[PDB]
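Novice: The structure file data.pdb (PDB, N, CA and C atoms) is provided below.
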```
ATOM      1  N   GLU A2703     105.431  86.143  76.825
ATOM      2  CA  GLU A2703     105.652  86.288  78.261
ATOM      3  C   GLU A2703     106.085  87.700  78.637
ATOM      4  N   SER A2704     106.560  88.492  77.672
ATOM      5  CA  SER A2704     106.708  89.923  77.905
ATOM      6  C   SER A2704     105.360  90.627  77.823
ATOM      7  N   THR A2705     104.426  90.075  77.045
ATOM      8  CA  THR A2705     103.039  90.511  77.099
ATOM      9  C   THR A2705     102.399  90.185  78.443
ATOM     10  N   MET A2706     102.954  89.223  79.184
ATOM     11  CA  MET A2706     102.468  88.944  80.529
ATOM     12  C   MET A2706     102.683  90.122  81.470
ATOM     13  N   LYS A2707     103.515  91.092  81.088
ATOM     14  CA  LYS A2707     103.680  92.306  81.878
ATOM     15  C   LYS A2707     102.336  92.988  82.087
ATOM     16  N   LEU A2708     101.676  93.367  80.991
ATOM     17  CA  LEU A2708     100.367  93.997  81.088
ATOM     18  C   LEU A2708      99.301  93.035  81.593
ATOM     19  N   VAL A2709      99.470  91.733  81.353
ATOM     20  CA  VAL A2709      98.511  90.750  81.843
ATOM     21  C   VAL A2709      98.517  90.709  83.367
ATOM     22  N   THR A2710      99.701  90.756  83.974
ATOM     23  CA  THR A2710      99.830  90.631  85.417
ATOM     24  C   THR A2710      99.807  91.965  86.147
ATOM     25  N   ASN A2711     100.098  93.078  85.472
ATOM     26  CA  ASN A2711     100.054  94.365  86.154
ATOM     27  C   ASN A2711      98.621  94.791  86.432
ATOM     28  N   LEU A2712      97.697  94.482  85.521
ATOM     29  CA  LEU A2712      96.299  94.775  85.806
ATOM     30  C   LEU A2712      95.854  94.034  87.059
ATOM     31  N   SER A2713      96.242  92.761  87.177
ATOM     32  CA  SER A2713      95.938  91.990  88.378
ATOM     33  C   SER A2713      96.611  92.591  89.602
ATOM     34  N   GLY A2714      97.874  92.997  89.469
ATOM     35  CA  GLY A2714      98.588  93.554  90.604
ATOM     36  C   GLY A2714      97.942  94.818  91.135
ATOM     37  N   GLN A2715      97.614  95.755  90.240
ATOM     38  CA  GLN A2715      96.977  96.989  90.695
ATOM     39  C   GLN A2715      95.557  96.753  91.198
ATOM     40  N   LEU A2716      94.779  95.887  90.531
ATOM     41  CA  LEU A2716      93.424  95.639  91.015
ATOM     42  C   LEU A2716      93.445  94.978  92.385
ATOM     43  N   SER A2717      94.452  94.148  92.652
ATOM     44  CA  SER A2717      94.605  93.587  93.987
ATOM     45  C   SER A2717      95.070  94.643  94.980
ATOM     46  N   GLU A2718      96.000  95.509  94.568
ATOM     47  CA  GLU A2718      96.671  96.360  95.542
ATOM     48  C   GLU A2718      95.813  97.544  95.969
ATOM     49  N   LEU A2719      94.941  98.080  95.102
ATOM     50  CA  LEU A2719      94.133  99.188  95.616
ATOM     51  C   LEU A2719      93.121  98.670  96.629
ATOM     52  N   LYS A2720      92.569  97.482  96.377
ATOM     53  CA  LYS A2720      91.707  96.838  97.359
ATOM     54  C   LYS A2720      92.479  96.536  98.636
ATOM     55  N   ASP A2721      93.724  96.073  98.500
ATOM     56  CA  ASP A2721      94.541  95.792  99.675
ATOM     57  C   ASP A2721      94.812  97.059 100.473
ATOM     58  N   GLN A2722      95.072  98.174  99.790
ATOM     59  CA  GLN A2722      95.402  99.400 100.506
ATOM     60  C   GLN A2722      94.166 100.044 101.120
ATOM     61  N   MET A2723      92.990  99.902 100.501
ATOM     62  CA  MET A2723      91.780 100.394 101.158
ATOM     63  C   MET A2723      91.411  99.514 102.349
ATOM     64  N   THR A2724      91.623  98.199 102.233
ATOM     65  CA  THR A2724      91.454  97.324 103.387
ATOM     66  C   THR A2724      92.458  97.662 104.482
ATOM     67  N   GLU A2725      93.680  98.034 104.095
ATOM     68  CA  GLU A2725      94.691  98.409 105.073
ATOM     69  C   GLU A2725      94.355  99.746 105.718
ATOM     70  N   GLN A2726      93.734 100.652 104.961
ATOM     71  CA  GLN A2726      93.231 101.891 105.544
ATOM     72  C   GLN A2726      92.121 101.609 106.547
ATOM     73  N   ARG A2727      91.238 100.663 106.225
ATOM     74  CA  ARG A2727      90.219 100.257 107.187
ATOM     75  C   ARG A2727      90.859  99.629 108.421
ATOM     76  N   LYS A2728      91.937  98.867 108.225
ATOM     77  CA  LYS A2728      92.660  98.281 109.351
ATOM     78  C   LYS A2728      93.324  99.360 110.200
ATOM     79  N   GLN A2729      93.867 100.389 109.551
ATOM     80  CA  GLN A2729      94.431 101.524 110.272
ATOM     81  C   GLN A2729      93.354 102.234 111.075
ATOM     82  N   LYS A2730      92.148 102.327 110.511
ATOM     83  CA  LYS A2730      91.003 102.818 111.263
ATOM     84  C   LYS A2730      90.693 101.937 112.464
ATOM     85  N   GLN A2731      90.735 100.609 112.296
ATOM     86  CA  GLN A2731      90.535  99.677 113.408
ATOM     87  C   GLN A2731      91.341 100.068 114.640
ATOM     88  N   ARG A2732      92.483 100.728 114.454
ATOM     89  CA  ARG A2732      93.313 101.166 115.570
ATOM     90  C   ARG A2732      93.079 102.631 115.922
ATOM     91  N   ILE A2733      93.151 103.523 114.932
ATOM     92  CA  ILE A2733      93.132 104.951 115.230
ATOM     93  C   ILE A2733      91.745 105.402 115.689
ATOM     94  N   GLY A2734      90.682 104.933 115.030
ATOM     95  CA  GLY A2734      89.346 105.314 115.449
ATOM     96  C   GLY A2734      88.968 104.714 116.788
ATOM     97  N   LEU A2735      89.289 103.439 116.993
ATOM     98  CA  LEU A2735      88.995 102.761 118.247
ATOM     99  C   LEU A2735      89.928 103.170 119.377
ATOM    100  N   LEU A2736      90.982 103.937 119.087
ATOM    101  CA  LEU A2736      91.811 104.476 120.161
ATOM    102  C   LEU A2736      91.116 105.631 120.873
ATOM    103  N   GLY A2737      90.485 106.526 120.116
ATOM    104  CA  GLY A2737      89.813 107.679 120.676
ATOM    105  C   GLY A2737      88.370 107.474 121.068
ATOM    106  N   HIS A2738      87.829 106.275 120.868
ATOM    107  CA  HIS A2738      86.441 105.971 121.202
ATOM    108  C   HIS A2738      86.227 105.699 122.692
ATOM    109  N   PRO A2739      87.038 104.870 123.354
ATOM    110  CA  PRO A2739      86.815 104.611 124.785
ATOM    111  C   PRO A2739      86.934 105.884 125.602
ATOM    112  N   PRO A2740      86.121 106.031 126.639
ATOM    113  CA  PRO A2740      86.136 107.252 127.448
ATOM    114  C   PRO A2740      87.253 107.206 128.485
ATOM    115  N   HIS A2741      87.290 108.241 129.317
ATOM    116  CA  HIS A2741      88.283 108.340 130.379
ATOM    117  C   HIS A2741      87.660 108.026 131.734
TER
ATOM    118  N   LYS B 350      89.869 134.553 117.158
ATOM    119  CA  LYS B 350      89.395 133.736 118.267
ATOM    120  C   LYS B 350      90.132 132.404 118.325
ATOM    121  N   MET B 351      91.319 132.413 118.926
ATOM    122  CA  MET B 351      92.115 131.199 119.094
ATOM    123  C   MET B 351      91.722 130.553 120.414
ATOM    124  N   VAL B 352      90.880 129.520 120.339
ATOM    125  CA  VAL B 352      90.421 128.848 121.548
ATOM    126  C   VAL B 352      91.548 128.058 122.199
ATOM    127  N   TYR B 353      92.485 127.544 121.407
ATOM    128  CA  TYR B 353      93.513 126.641 121.898
ATOM    129  C   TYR B 353      94.897 127.208 121.612
ATOM    130  N   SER B 354      95.809 127.017 122.561
ATOM    131  CA  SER B 354      97.193 127.438 122.420
ATOM    132  C   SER B 354      98.100 126.316 122.902
ATOM    133  N   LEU B 355      99.330 126.315 122.401
ATOM    134  CA  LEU B 355     100.289 125.263 122.709
ATOM    135  C   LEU B 355     101.097 125.638 123.944
ATOM    136  N   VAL B 356     101.208 124.699 124.879
ATOM    137  CA  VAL B 356     101.928 124.892 126.127
ATOM    138  C   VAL B 356     102.784 123.658 126.392
ATOM    139  N   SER B 357     103.436 123.648 127.548
ATOM    140  CA  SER B 357     104.249 122.527 127.991
ATOM    141  C   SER B 357     103.562 121.823 129.152
ATOM    142  N   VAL B 358     103.587 120.494 129.130
ATOM    143  CA  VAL B 358     102.967 119.693 130.181
ATOM    144  C   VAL B 358     103.966 118.645 130.662
ATOM    145  N   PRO B 359     104.085 118.418 131.971
ATOM    146  CA  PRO B 359     104.994 117.371 132.457
ATOM    147  C   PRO B 359     104.417 115.974 132.299
ATOM    148  N   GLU B 360     103.098 115.852 132.408
ATOM    149  CA  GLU B 360     102.452 114.558 132.262
ATOM    150  C   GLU B 360     102.536 114.090 130.812
ATOM    151  N   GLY B 361     102.685 112.780 130.632
ATOM    152  CA  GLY B 361     102.882 112.242 129.301
ATOM    153  C   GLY B 361     101.795 111.315 128.802
ATOM    154  N   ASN B 362     101.100 110.638 129.714
ATOM    155  CA  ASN B 362     100.143 109.613 129.315
ATOM    156  C   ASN B 362      98.828 110.176 128.792
ATOM    157  N   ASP B 363      98.575 111.471 128.954
ATOM    158  CA  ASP B 363      97.345 112.052 128.436
ATOM    159  C   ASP B 363      97.354 112.063 126.913
ATOM    160  N   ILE B 364      96.154 111.995 126.330
ATOM    161  CA  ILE B 364      96.021 112.045 124.876
ATOM    162  C   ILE B 364      96.078 113.460 124.331
ATOM    163  N   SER B 365      96.087 114.472 125.201
ATOM    164  CA  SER B 365      96.117 115.855 124.739
ATOM    165  C   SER B 365      97.445 116.226 124.096
ATOM    166  N   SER B 366      98.487 115.424 124.293
ATOM    167  CA  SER B 366      99.812 115.688 123.747
ATOM    168  C   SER B 366     100.115 114.786 122.555
ATOM    169  N   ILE B 367      99.096 114.488 121.752
ATOM    170  CA  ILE B 367      99.218 113.593 120.607
ATOM    171  C   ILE B 367      99.015 114.404 119.337
ATOM    172  N   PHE B 368      99.927 114.245 118.382
ATOM    173  CA  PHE B 368      99.911 115.009 117.145
ATOM    174  C   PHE B 368      99.973 114.064 115.953
ATOM    175  N   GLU B 369      99.637 114.599 114.782
ATOM    176  CA  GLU B 369      99.722 113.860 113.532
ATOM    177  C   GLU B 369     100.418 114.727 112.496
ATOM    178  N   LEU B 370     101.048 114.075 111.527
ATOM    179  CA  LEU B 370     101.827 114.761 110.505
ATOM    180  C   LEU B 370     101.063 114.738 109.191
ATOM    181  N   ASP B 371     100.791 115.922 108.649
ATOM    182  CA  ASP B 371     100.145 116.049 107.355
ATOM    183  C   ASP B 371     101.156 116.550 106.340
ATOM    184  N   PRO B 372     101.540 115.752 105.348
ATOM    185  CA  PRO B 372     102.498 116.233 104.349
ATOM    186  C   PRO B 372     101.910 117.349 103.504
ATOM    187  N   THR B 373     102.785 118.256 103.066
ATOM    188  CA  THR B 373     102.349 119.314 102.161
ATOM    189  C   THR B 373     101.888 118.740 100.828
ATOM    190  N   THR B 374     102.637 117.785 100.286
ATOM    191  CA  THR B 374     102.257 117.081  99.072
ATOM    192  C   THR B 374     101.718 115.705  99.441
ATOM    193  N   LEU B 375     100.669 115.278  98.741
ATOM    194  CA  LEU B 375      99.984 114.042  99.103
ATOM    195  C   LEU B 375     100.938 112.856  99.035
ATOM    196  N   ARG B 376     100.938 112.049 100.093
ATOM    197  CA  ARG B 376     101.768 110.856 100.164
ATOM    198  C   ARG B 376     100.969 109.738 100.816
ATOM    199  N   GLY B 377     101.369 108.503 100.528
ATOM    200  CA  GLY B 377     100.664 107.359 101.068
ATOM    201  C   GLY B 377     100.804 107.259 102.576
ATOM    202  N   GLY B 378      99.816 106.620 103.198
ATOM    203  CA  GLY B 378      99.782 106.468 104.637
ATOM    204  C   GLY B 378     100.685 105.398 105.197
ATOM    205  N   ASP B 379     101.384 104.662 104.339
ATOM    206  CA  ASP B 379     102.313 103.616 104.747
ATOM    207  C   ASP B 379     103.655 103.886 104.076
ATOM    208  N   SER B 380     104.158 105.106 104.232
ATOM    209  CA  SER B 380     105.445 105.493 103.682
ATOM    210  C   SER B 380     106.324 106.061 104.787
ATOM    211  N   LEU B 381     107.626 105.832 104.659
ATOM    212  CA  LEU B 381     108.570 106.303 105.663
ATOM    213  C   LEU B 381     108.705 107.816 105.571
ATOM    214  N   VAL B 382     108.583 108.491 106.708
ATOM    215  CA  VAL B 382     108.657 109.948 106.738
ATOM    216  C   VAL B 382     110.100 110.373 106.503
ATOM    217  N   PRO B 383     110.380 111.164 105.472
ATOM    218  CA  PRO B 383     111.748 111.647 105.268
ATOM    219  C   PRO B 383     112.171 112.575 106.394
ATOM    220  N   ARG B 384     113.484 112.630 106.627
ATOM    221  CA  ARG B 384     113.993 113.365 107.781
ATOM    222  C   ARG B 384     113.775 114.866 107.638
ATOM    223  N   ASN B 385     113.854 115.388 106.417
ATOM    224  CA  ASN B 385     113.816 116.833 106.224
ATOM    225  C   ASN B 385     112.716 117.258 105.261
ATOM    226  N   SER B 386     111.506 116.743 105.454
ATOM    227  CA  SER B 386     110.364 117.096 104.626
ATOM    228  C   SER B 386     109.369 117.915 105.437
TER
END
```
Show me, as structure tokens, the structure contained in the file I just sent.
Specialist:
Amino acid sequence: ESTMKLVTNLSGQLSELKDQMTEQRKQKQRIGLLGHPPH
Amino acid sequence: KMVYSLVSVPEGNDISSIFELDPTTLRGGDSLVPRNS
């Protein structure tokens, strides 16, 4: 179960980089769409 | 050729007075900005 450290960290990082790129896309959902509508 | 210069404006709702912070050293986009960085 101390070997579960490396077993679960690979899962944690593989989940989290996808989560952070999805969160970057979500940040785009706001920042890009803020400057798109005209005046 | 400096096309743009910084001035003072009384109006606030315009988007022309919107800025972004770029750290000197790369940092994540979901991190708390330190007070003196």
Novice: I would like the residues chosen by the PyMOL selection byres ((chain A and name CA) within 12 of (chain B and name CA)) on the shown file; could you give them as a list in words?
Specialist: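 For this structure, the PyMOL selection byres ((chain A and name CA) within 12 of (chain B and name CA)) resolves to residues 2719, 2722, 2723, 2725, 2726, 2727, 2728, 2729, 2730, 2733, 2736, 2737, 2738, 2739, 2740 and 2741 of chain A.
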Novice: Between CA of residue 2706 (chain A) and atom C of residue 2721 (chain A), what distance in Å does the model show, to one decimal?
Specialist: 22.9 Å
Novice: For a test of reading the model, state the distance in Å between CA of residue 352 (chain B) and CA of residue 374 (chain B), rounded to one decimal.
Specialist: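 These two atoms are separated by 28.0 Å.
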Novice: Write out as an MDAnalysis selection string all residues of chain A that backbone DSSP assigns to helix (DSSP H, G or I).
Specialist: chainID A and resid 2706:2736
Novice: Just to confirm, what's the straight-line distance from CA of residue 380 (chain B) to CA of residue 366 (chain B) in Å (one decimal)?
Specialist: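 For CA of residue 380 (chain B) relative to CA of residue 366 (chain B), the distance reads 23.2 Å.
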Novice: With 3 Å on each side, where is the centre of the axis-aligned box around all listed atoms of region 369-384 of chain B, and how long are its edges in Å to one decimal, as JSON?
Specialist:
```
{"center_x": 106.8, "center_y": 111.5, "center_z": 106.8, "size_x": 20.4, "size_y": 21.7, "size_z": 22.0}
```
Novice: If the PyMOL selection byres (((chain B and resi 372 and name CA) around 12) and name CA) were run on this exact file, what residues would it hold? Put them as an MDAnalysis selection string.
Specialist: chainID B and resid 369:371 373:378 380:383 385:386
Novice: Mind completing region 364-379 of chain B with N, CA, C and O atoms? Output as a PDB file, in the coordinates of the input, please?
Specialist:
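Dumped to result.pdb:
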```
ATOM      1  N   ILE B 364      96.154 111.995 126.330  1.00  0.00           N
ATOM      2  CA  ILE B 364      96.021 112.045 124.876  1.00  0.00           C
ATOM      3  C   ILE B 364      96.078 113.460 124.331  1.00  0.00           C
ATOM      4  O   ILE B 364      96.113 113.640 123.107  1.00  0.00           O
ATOM      5  N   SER B 365      96.087 114.472 125.201  1.00  0.00           N
ATOM      6  CA  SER B 365      96.117 115.855 124.739  1.00  0.00           C
ATOM      7  C   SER B 365      97.445 116.226 124.096  1.00  0.00           C
ATOM      8  O   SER B 365      97.521 117.255 123.416  1.00  0.00           O
ATOM      9  N   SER B 366      98.487 115.424 124.293  1.00  0.00           N
ATOM     10  CA  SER B 366      99.812 115.688 123.747  1.00  0.00           C
ATOM     11  C   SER B 366     100.115 114.786 122.555  1.00  0.00           C
ATOM     12  O   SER B 366     101.252 114.361 122.352  1.00  0.00           O
ATOM     13  N   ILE B 367      99.096 114.488 121.752  1.00  0.00           N
ATOM     14  CA  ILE B 367      99.218 113.593 120.607  1.00  0.00           C
ATOM     15  C   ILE B 367      99.015 114.404 119.337  1.00  0.00           C
ATOM     16  O   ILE B 367      98.044 115.161 119.226  1.00  0.00           O
ATOM     17  N   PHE B 368      99.927 114.245 118.382  1.00  0.00           N
ATOM     18  CA  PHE B 368      99.911 115.009 117.145  1.00  0.00           C
ATOM     19  C   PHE B 368      99.973 114.064 115.953  1.00  0.00           C
ATOM     20  O   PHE B 368     100.310 112.885 116.081  1.00  0.00           O
ATOM     21  N   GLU B 369      99.637 114.599 114.782  1.00  0.00           N
ATOM     22  CA  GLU B 369      99.722 113.860 113.532  1.00  0.00           C
ATOM     23  C   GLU B 369     100.418 114.727 112.496  1.00  0.00           C
ATOM     24  O   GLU B 369     100.381 115.958 112.562  1.00  0.00           O
ATOM     25  N   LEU B 370     101.048 114.075 111.527  1.00  0.00           N
ATOM     26  CA  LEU B 370     101.827 114.761 110.505  1.00  0.00           C
ATOM     27  C   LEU B 370     101.063 114.738 109.191  1.00  0.00           C
ATOM     28  O   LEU B 370     100.731 113.664 108.678  1.00  0.00           O
ATOM     29  N   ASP B 371     100.791 115.922 108.649  1.00  0.00           N
ATOM     30  CA  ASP B 371     100.145 116.049 107.355  1.00  0.00           C
ATOM     31  C   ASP B 371     101.156 116.550 106.340  1.00  0.00           C
ATOM     32  O   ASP B 371     101.613 117.697 106.460  1.00  0.00           O
ATOM     33  N   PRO B 372     101.540 115.752 105.348  1.00  0.00           N
ATOM     34  CA  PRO B 372     102.498 116.233 104.349  1.00  0.00           C
ATOM     35  C   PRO B 372     101.910 117.349 103.504  1.00  0.00           C
ATOM     36  O   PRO B 372     100.702 117.406 103.260  1.00  0.00           O
ATOM     37  N   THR B 373     102.785 118.256 103.066  1.00  0.00           N
ATOM     38  CA  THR B 373     102.349 119.314 102.161  1.00  0.00           C
ATOM     39  C   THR B 373     101.888 118.740 100.828  1.00  0.00           C
ATOM     40  O   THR B 373     100.855 119.152 100.291  1.00  0.00           O
ATOM     41  N   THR B 374     102.637 117.785 100.286  1.00  0.00           N
ATOM     42  CA  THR B 374     102.257 117.081  99.072  1.00  0.00           C
ATOM     43  C   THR B 374     101.718 115.705  99.441  1.00  0.00           C
ATOM     44  O   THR B 374     102.240 115.050 100.347  1.00  0.00           O
ATOM     45  N   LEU B 375     100.669 115.278  98.741  1.00  0.00           N
ATOM     46  CA  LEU B 375      99.984 114.042  99.103  1.00  0.00           C
ATOM     47  C   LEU B 375     100.938 112.856  99.035  1.00  0.00           C
ATOM     48  O   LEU B 375     101.659 112.676  98.050  1.00  0.00           O
ATOM     49  N   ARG B 376     100.938 112.049 100.093  1.00  0.00           N
ATOM     50  CA  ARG B 376     101.768 110.856 100.164  1.00  0.00           C
ATOM     51  C   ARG B 376     100.969 109.738 100.816  1.00  0.00           C
ATOM     52  O   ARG B 376     100.017 109.982 101.562  1.00  0.00           O
ATOM     53  N   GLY B 377     101.369 108.503 100.528  1.00  0.00           N
ATOM     54  CA  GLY B 377     100.664 107.359 101.068  1.00  0.00           C
ATOM     55  C   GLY B 377     100.804 107.259 102.576  1.00  0.00           C
ATOM     56  O   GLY B 377     101.770 107.732 103.171  1.00  0.00           O
ATOM     57  N   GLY B 378      99.816 106.620 103.198  1.00  0.00           N
ATOM     58  CA  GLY B 378      99.782 106.468 104.637  1.00  0.00           C
ATOM     59  C   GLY B 378     100.685 105.398 105.197  1.00  0.00           C
ATOM     60  O   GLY B 378     100.749 105.229 106.418  1.00  0.00           O
ATOM     61  N   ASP B 379     101.384 104.662 104.339  1.00  0.00           N
ATOM     62  CA  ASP B 379     102.313 103.616 104.747  1.00  0.00           C
ATOM     63  C   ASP B 379     103.655 103.886 104.076  1.00  0.00           C
ATOM     64  O   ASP B 379     104.188 103.062 103.330  1.00  0.00           O
TER      65      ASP B 379
END
```
